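# Inside the fold
Residues per chain, in single letters:
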Amino acid sequence: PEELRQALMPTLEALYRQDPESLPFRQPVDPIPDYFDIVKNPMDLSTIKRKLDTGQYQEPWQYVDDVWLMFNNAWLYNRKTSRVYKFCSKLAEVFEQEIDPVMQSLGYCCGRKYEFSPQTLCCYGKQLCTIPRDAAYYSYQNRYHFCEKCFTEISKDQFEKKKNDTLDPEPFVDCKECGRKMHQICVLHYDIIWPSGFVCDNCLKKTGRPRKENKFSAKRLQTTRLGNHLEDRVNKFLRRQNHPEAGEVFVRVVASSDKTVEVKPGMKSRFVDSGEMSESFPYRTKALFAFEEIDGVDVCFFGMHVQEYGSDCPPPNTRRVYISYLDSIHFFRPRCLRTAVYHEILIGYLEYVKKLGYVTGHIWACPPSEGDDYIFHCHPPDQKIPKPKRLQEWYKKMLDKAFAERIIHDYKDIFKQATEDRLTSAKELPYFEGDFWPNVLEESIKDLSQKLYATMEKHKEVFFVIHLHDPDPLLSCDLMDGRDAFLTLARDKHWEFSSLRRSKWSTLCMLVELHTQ
Amino acid sequence: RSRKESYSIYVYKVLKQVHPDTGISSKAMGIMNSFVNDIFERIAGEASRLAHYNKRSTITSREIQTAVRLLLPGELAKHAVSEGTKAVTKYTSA
Amino acid sequence: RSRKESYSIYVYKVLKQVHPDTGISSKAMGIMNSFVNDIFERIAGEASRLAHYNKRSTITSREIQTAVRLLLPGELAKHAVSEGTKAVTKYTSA
Amino acid sequence: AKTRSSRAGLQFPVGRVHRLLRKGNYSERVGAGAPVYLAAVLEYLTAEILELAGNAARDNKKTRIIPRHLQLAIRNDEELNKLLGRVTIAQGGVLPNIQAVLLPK
Amino acid sequence: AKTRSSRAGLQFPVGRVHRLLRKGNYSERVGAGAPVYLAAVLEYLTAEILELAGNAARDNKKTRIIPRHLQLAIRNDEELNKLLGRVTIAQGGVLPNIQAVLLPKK
Amino acid sequence: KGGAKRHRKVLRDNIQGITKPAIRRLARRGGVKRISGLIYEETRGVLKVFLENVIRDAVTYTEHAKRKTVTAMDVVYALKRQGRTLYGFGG
Amino acid sequence: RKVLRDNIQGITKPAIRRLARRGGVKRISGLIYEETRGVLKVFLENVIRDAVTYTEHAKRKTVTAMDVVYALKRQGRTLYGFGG
Amino acid sequence: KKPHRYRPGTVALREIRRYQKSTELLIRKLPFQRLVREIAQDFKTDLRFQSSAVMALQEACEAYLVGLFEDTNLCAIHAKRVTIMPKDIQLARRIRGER
Amino acid sequence: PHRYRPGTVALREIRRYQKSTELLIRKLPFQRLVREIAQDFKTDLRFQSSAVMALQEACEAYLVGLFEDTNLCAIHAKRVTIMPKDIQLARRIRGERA
DNA sequence: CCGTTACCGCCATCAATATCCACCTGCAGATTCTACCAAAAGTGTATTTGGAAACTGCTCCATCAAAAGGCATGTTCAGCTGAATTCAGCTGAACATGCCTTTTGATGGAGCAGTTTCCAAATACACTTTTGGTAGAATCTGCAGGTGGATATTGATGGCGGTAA
DNA sequence: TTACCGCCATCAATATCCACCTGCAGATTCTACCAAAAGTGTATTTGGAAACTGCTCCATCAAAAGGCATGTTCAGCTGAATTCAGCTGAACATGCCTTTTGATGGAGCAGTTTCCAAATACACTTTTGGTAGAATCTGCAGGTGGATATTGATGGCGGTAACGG
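Method of determination, as given in the entry header: cryo-EM; reported resolution: 4.5 Å.

Ranked by internal contacts, the top residues of the largest apolar core, which has 125 residues, are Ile64(C), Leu72(C), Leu50(E), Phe47(I) and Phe67(I). For this core, the element with the most residues is helix α3 (residues 49-76) of chain I, which contributes 14 residues. Beyond its immediate chain neighbours, meaning those up to four positions away, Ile64(C) contacts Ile43(C), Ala47(C), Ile59(C), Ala34(E), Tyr37(E) and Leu38(E). Ranked by size, the runner-up nonpolar core spans 118 residues in total, among them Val14(D), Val41(D), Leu79(F) and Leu86(F).

This part covers unusual backbone geometry. With an omega of 0°, the peptide bond between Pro315(A) and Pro316(A) qualifies as cis. Inspection of the secondary structure assignment puts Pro316(A) in the loop between β10 (297-309) and β11 (320-328). Phi at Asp44(I) takes a positive value of approximately 60°, unusual for a residue other than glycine. Tracing the backbone through its elements, the reader meets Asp44(I) in the loop between α2 (27-41) and β1 (46-47).

All names here are of chain A. For the structure shown, the criterion picks out 0 disulfides over all chains. For the unlinked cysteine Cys 175, the closest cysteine sulfur is that of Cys 178, found at 3.6 Å. We note that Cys 300 lacks a disulfide partner, and the nearest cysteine sulfur, in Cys 477, lies 12 Å from it.

Further remarks concern the protein's contact with DNA strand K. Around DNA strand K, 95 residues are found, and the nearest of them are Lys86(A), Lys384(A), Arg22(D), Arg4(E) and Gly30(G). In the model, a phosphate oxygen of DNA strand K is placed 2.3 Å from a nitrogen or oxygen of the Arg4(E) main chain. Contacts to DNA strand K include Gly15(E), whose backbone N or O atom sits 3.0 Å from a phosphate oxygen. Partitioning the surface near DNA strand K into residue classes produces 18 nonpolar, 26 polar and 51 charged.

Taken together, the contacts link 51 residues of chain D with 57 residues of chain B. Between chain D and chain B, the buried area comes to about 5,000 Å², and carbon and sulfur atoms account for 72% of it. Taken as a group, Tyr26(D), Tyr37(D) and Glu79(D) account for 16% of the area that chain D buries against chain B, more than any other trio of residues on that side. The tally of links from chain D across to chain B stands at 2 salt bridges. A salt bridge links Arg16(D) to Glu5(B); the nearest nitrogen and oxygen atoms lie 3.0 Å apart. Elements represented by at least two residues in the side of chain D that touches chain B include exactly α1 (4-7), α2 (14-23), β1 (29-30), α3 (33-59), β2 (64-65), α4 (67-76) and α5 (78-83) of chain D. Counting residues per element, the side of chain D that touches chain B draws most heavily on α3(D), at 18 residues. Across the side of chain D that touches chain B, the residue classes break down as 31 nonpolar, 10 polar and 10 charged. As judged from the 2 bridges shared by strand β2 (residues 58-59) of chain B and β1(D), these two strands associate in the parallel manner. Within β1(D), the residue paired with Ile59(B) across the bridge is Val30(D).

Within the element layout of this structure, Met43(A) appears in the loop between α2 (35-38) and α3 (45-54). It is 9.4 Å that separates the C-alpha atoms of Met43(A) and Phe71(A), two residues lying 28 residues apart in sequence.

Attention shifts here to the protein's contact with DNA strand J. Close contacts around DNA strand J come from 101 residues, with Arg335(A), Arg4(D), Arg16(E), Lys68(F) and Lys21(H) the closest. Of all DNA strand J atoms lying within 4 Å of any protein atom, the proportion belonging to sugar or phosphate reaches 96%. Between DNA strand J and the protein, one listed contact pairs a phosphate oxygen with a backbone N or O atom of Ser26(B) at 2.7 Å. With respect to DNA strand J, the side chain of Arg22(E) contributes an N or O atom lying 2.7 Å from a phosphate oxygen. With 5 residues, the top contributor of residues to the surface near DNA strand J is helix α1 (residues 10-20) of chain H. Considering only residue class, the surface near DNA strand J consists of 20 nonpolar, 26 polar and 55 charged.

Taken together, the buried positions of helix α4 (residues 84-94) of chain I are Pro84(I), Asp86(I), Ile87(I), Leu89(I), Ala90(I), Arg91(I) and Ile93(I). Close packing links the buried residues of α4(I) with α2 (30-57) of chain G, α3 (51-78) and α4 (86-96) of chain H together with α3 and β2 (81-82) of chain I. A positive phi of about 85° marks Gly95(I), the residue just after α4(I).

This part is about the sheet that holds strand β14 (residues 463-467) of chain A. Note on sheets: strands pair through backbone hydrogen bonds, and any given pair is parallel or antiparallel. Residues and elements named next belong to chain A. Taken in spatial order, the 7 strands of this open sheet run β8-β9-β10-β11-β12-β14-β13, and their pairing is mixed. The open sheet has two edge strands with one neighbour each: β8 (249-262) and β13 (410-413). Direction aside, neighbouring strands of the sheet carry axes that sit 20° apart on average. Relative to strand β9 (residues 280-294), β8 runs antiparallel, the two being bridged by 13 bridges. Counterpart to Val 251 in the pairing with β9 is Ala 290. Sheet strands touched by helix α13 (residues 414-421): β13 and β14. Its angle to β13, the strand with the most contacts, is close to 100°. Running at roughly 55° to β10, helix α17 (residues 500-516) makes contact with β8, β9 and β10 of the sheet.

Our next topic: the pairing of β11(A). Residue and element names in this part refer to chain A. In terms of burial, β11 is a largely internal element, 7 of the 9 residues being buried. Across 8 bridges, β10 lies against β11 in antiparallel orientation. Within β11, the position partnered with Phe 302 by the bridge is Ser 328. Sheet topology note: the β11/strand β12 (residues 360-364) ladder contains 3 bridges and is parallel. Following the sheet pairing, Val 321 is matched in β12 by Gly 361.

With that settled, consider the packing of aromatic side chains. Think of a pair of aromatic rings as described by two things: how far the centres are apart, and how the planes are tilted against each other in angle. Across all of its chains, the model carries 54 aromatic pairs over all chains by this definition. With a centroid separation of 5.6 Å and 55° between ring planes, the pair formed by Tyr54(G) and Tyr70(G) is classed as tilted. In this pair, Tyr54(G) sits in helix α2 while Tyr70(G) sits in helix α3 (residues 65-74), placing the two residues 16 residues apart along the sequence. These aromatic residues form a ring-pair network of at least three members: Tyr57(A), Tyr63(A), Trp68(A), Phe71(A), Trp75(A), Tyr85(A) and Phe95(A). The ring of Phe415(A) carries the charged tip of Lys460(A) above its face, separated from the ring centre by 5.1 Å. For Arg16(E), the ring lying beneath its charged end belongs to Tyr7(C), and the centroid distance is 6.0 Å.

Running from amino to carboxyl end, helix α3 (residues 72-81) of chain F crosses α3(H) at an angle of 30°, the nearest separation of the two axes being 7 Å. By the angle between their axes, α3(F) is roughly parallel relative to α3(H). Packed against α3(F), whose contacting residues are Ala72(F), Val75(F) and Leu79(F), the element α3(H) presents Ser52(H), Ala53(H), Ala56(H), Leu57(H) and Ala60(H) at the interface.

What counts, and where the lines are drawn
- Residues numbered from 1 in each chain as written, not as in the entry; some residues may be left out.
- Chains lettered and ligands numbered in written order.
- Heavy atoms only, no water.
- Residues with missing side-chain atoms left out of burial classes, pairs and counts.
- Core = buried A, V, L, I, M, F, W, Y, C linked by side-chain atoms within 4.5 Å.
- Buried < 20%, exposed > 50% of the residue type's maximum accessible area, 1.4 Å probe, protein only.
- Helix = DSSP H or I, 4+ residues; strand = E, 2+ residues; numbered from the N terminus.
- Contact = heavy atoms within 4.5 Å.
- Disulfide = S-S within 2.5 Å.
- Near = heavy atom within 4 Å.
- Polar contact = N/O pair within 3.5 Å; in protein donor to acceptor, adjacent residues only side chain to side chain.
- Nonpolar A, V, L, I, M, F, W, Y, C, P; charged D, E, K, R; others polar.
- Buried area = accessible area lost by both parts, 1.4 Å probe.
- Salt bridge = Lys/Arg side-chain N within 4 Å of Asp/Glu carboxyl O.
- Pairing = 2+ DSSP bridges.
- Axes fitted to C-alpha atoms, helices over the stretch in contact; angles between N-to-C directions.
- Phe/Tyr/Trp six-rings, centres within 6.5 Å; stacked < 30°, edge-to-face > 60°.
- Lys NZ or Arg CZ within 6 Å of the ring centre and 35° of its normal.
- Parallel < 35°, antiparallel > 145°, perpendicular 65-115°, else oblique.

So this is what it looks like as structure tokens:
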């Protein structure tokens, strides 16, 4: 008890030192008759002090859990605009700033009570329906979720009625030598990589045994010509910038499969049944990702989904590339060169597809919806999603920089493309899988040319058409054959990207999964 | 309840000479009284300094004229000197 | 010739007390004379204003002490008030 | 018979000024014409500021002199502003002045 | 046969300070201890300024106090500089002071 | 919540008592169009300093008059002796 | 007596350069010097007139250093070493 | 649907005009009174204050701050800027000579 | 031919004139200017040598102070060369102009 | 090839807003009138005195001479500093949202002031003694000024190293 | 395979430090003088210490309300990067006029004597400005009704241009 008291007393004193932030929490809350109806375990700083002085703590994780439970109770009962909430937030910041060195002196990598953030709840009822925060839902096996509106619109008694506020605490692993309980995410320990067990960093330093090399790194992934070109261009640009914090960046193509997009029934009846336009279009879809070595750990930070309609594809899709999905994580080092690295990756991809003989590139500049993830699950709360105008300006910078390098010929909005090409029928418009235009054509069908012209004049600023003027083998990856599989596996395994440590853990997990395929 | 000396009713009279139909608020009148007190203190202090410098134990109208010339700006000092000279001449001939 | 009083001998004695082997030039002597005269004038004027403010017609050690506190900053004021208290105590002790 | 202010053609109290000069410890002796001269100067200054404040109030559609009018009168005249450059007028405010660069276009 | 200056144990003239206070027209009356107090304050300030001037002269390998040493002493002491912030010392000069930007920027 | 909402909330240390909109308005009266985020507290400190330039002197007056109440006349004297003479509080 | 004129040019370019060097100025534009001269002239017009006001008040025709000291003290430019 | 929004500076200029055409106090009475009481407590315990003394202190502080702010605005304009930064305040106080 | 880079001799002069206290303005031109200004205000005036010396010393002190303020103002404007706008701003903040 | 549509820039103008003004009207505050009286203020008389005039001793202020060397004056070259231009990260401006702190009014007593007593302490002044200015001559002494050489300071001269075509 | 910008290394031109030594105006040491203060010793007067007490008004506390503190979005403010015309610093030749030492006529500063108009100290009579209470008057602070530039934004048009069939 004396060791724990000596270690943990300075943090509690620092919390007490906060004036007036600590004043409301120095004594147990004495009812506000509804305080006990919300807070089932009312606790305060004096309770910590008496438990620590009495030696009621077997190990410091219980102490920190009590601290964080106190903070949670204060944040729950008090509203956001209340100054008590501000006091609790300041106390939490002070505790976060002070706790880590004390644990590192005690042999622990951290103290903070890490609890998994609420994941995106994709309701299994109406399509694209999500369950927001503090919204009630029905759960089956913690896997099948339905909102109240969809659940009522549909045995029903077996589905558990829950609320979208479940914070899952992170698991723990025991060090085989010292026995200290460590966060699995913080120490990045995975049983598949290290079957011999977990050994903490302090034990490794004290015994002089180096940590075993990771055999499932992004560097060891299968290499491809497009990925190699992207990696080479990114590394050359980083070396030209000569930033000390700019680590090596690895780009690997993980999926490459041939698919076919089918014409929807309305447009098929209007143009395919007469034999004027093909019933299907073949293409090759590719999924690649970018990894950065931060602190000797691979971090996945940027990846795309693309569709490549080759020269064998029937018109108007012949010799085209289309960007279906892309995502990014802001933890790239340095932050200033993150945007430039994304620029170099996109420019290298466009240069490669130009070298392959592709003619036109297509980009849709619509940002993801609020609470929706494209590829990376659980984006950090501080990552501001760009608005459509900001994304359009970013793509304008893309295209200006690309044209400055003579790599592209020109770029336009799709309305300018149609006006200059003098398109007369909807059959001449490119048809891509999951694209916005195929839905608009079916909606208009359910006269067509003028409606398409009006919608195109309305939405030209969102679509970019790029004028430009396969040696990579097919890669069968069921996990990366689309965005649904990865987003489902991350949700089922809590592979969040909301923080640098969680991003590292998720990257390690997906690298192991890809290597084990 | 001791009486507090103030130039109030005098300055108000001066107001009636310059603006018969215009009044003055209590705060503005306090501003005016403070102004006159400050100017009186400055002129008296400069006159005392001039008297001390010349080893003179008496302050006369010449010392006041020198003080107002030193303190007041050009046309203000000229008009103040003219008014003081006129008042002294009127008092002497009275 | 009319005698012109100055603090020359007292400043010289103080310098000998604080620096036995260090001299002082005539120009520096004039600087020190002007310095002590200016401090004298400032303290006397502050004490006079203090006495006028409280309707007091006598300048005692308390007004001088308060004027020194108003004028000298911090440690200078503290040492000056200590020396003044010691001096007045010694003077009244005989 | 006649007050000293009346004999000197002034509204300010000559006797009060003389008494204040006597009690102010400015000099051992005070001349006879010194209080008259000082009262005349004070009366002239008060008349100037009062007429300026009345003009400001008239321009402000007002018939009562307020500290705002006194501040406007004291600030807009260069000599009067110089005389009270180290003086703050309570509840007087400041002159309307916007920097050229801060102006739009 | 004891002088009031020696009675208080001061080097500055108490009688001269009293006479100047009477002559300066500061009040109708002046206390007995006021000149002693003022002389003590003046003597302390003179002692401080002379100590600093002698130190500055010693730093300059000089045994005679010159107005340059007086300026160096007055401007190097924060309290004394604040005391004479609006005072010019003849033939005293200014403290050696060069801004960082004024220094070479190689 | 519970506890108290008056006389027990004690916060906003004296210098922080001056609200951000107060400094903003003071700058607006000074004709300044744009304010840096670091100005406010800095201005507070400057304002802070100003008070020890005045109030202490007024206190030095208050102690001399053997009084325990600070009067407006002592404030006027302190402002005048600092070169900041104020009118209207000489009554 | 001779009516002196155009004596402001006696405040010479190297003199202003030396004054700026004492003031810590490494580089001087060409428009400073004349401007500086004017400022100096203004400063003269600020002080000497007051000294004249002293000299006229003493019924004297010779300007003494004591009047200059008085003018500087009343203008807030107190100077030591020349009396007072 | 595109709510009305004034451009940065228009409302600022309107506030400039409004606060230059008015003379009312800007600092709230209670916090300033508390600050003054604390400052007095730092020098002499158990002091009392007149309402007129507090009003005079507030008026003097507001006037001094207005003068400092206009000086800093001039300083910022001198540096080809329109936003005052603490170095402008430092330079203004240095030229004023307070320190 | 040996030549120093611009600024080196300037800094040398800075150090030399900050280390010494000799008068920088020539005696006779300044005395002539003082006499001209005096006769502009009042004719038939006479001047003590000490009066002229005190006036010149006060002018030198005011000028070195104003030049220091101008140098700080110029440094604030990211410049090392003083321009009349700097001295005008310094005088305006000092209250000598507005 | 010249022609439609996007972009830059102008600008003519529906529309929400703060505000100047046309008008109002109730009230805190300014203005008018009677009365009281201690507080000043004006006049009279004898006394004291600061400074005016009258003459003059005398310090230093103004003026003319001559030399020449310390800088003033003018010229030239380019080092690099101030000034103009672009643009992208980003810090503040404008604003809707929420609440809480400030403002206003009412109420006990901590001390601000008015009265009275009386004594340690302040002037008034006539001597007596000590002492700070200070004319004058004599000896001492810190540093102004010139010499010479060891010591940093500055700048780009020899060459070594990519490197960029 | 030739000039061109960088860097660490030496090296030459040059200002700096500094110890040393000599002539002297200024700093320090006595002799004597001496009138201006300083101090001691009575007489007289009074600023204020001290105690008791009525009257302010200041701290404390209640509710009513006019405000302040946060998070969001983004136009535009700002500072880094780039380029360049030209301004002034460094150097130098020529000579200008300021400084120093000297002397001199005298306008003018200041000491000394005389003495009177002016300031002072009461003593008395006269007016009068400060204060308290009643009651009348009103300038203007907001409150309500248009309503008006005004400026952001929606939009139309003219000029540039940019690439396509």
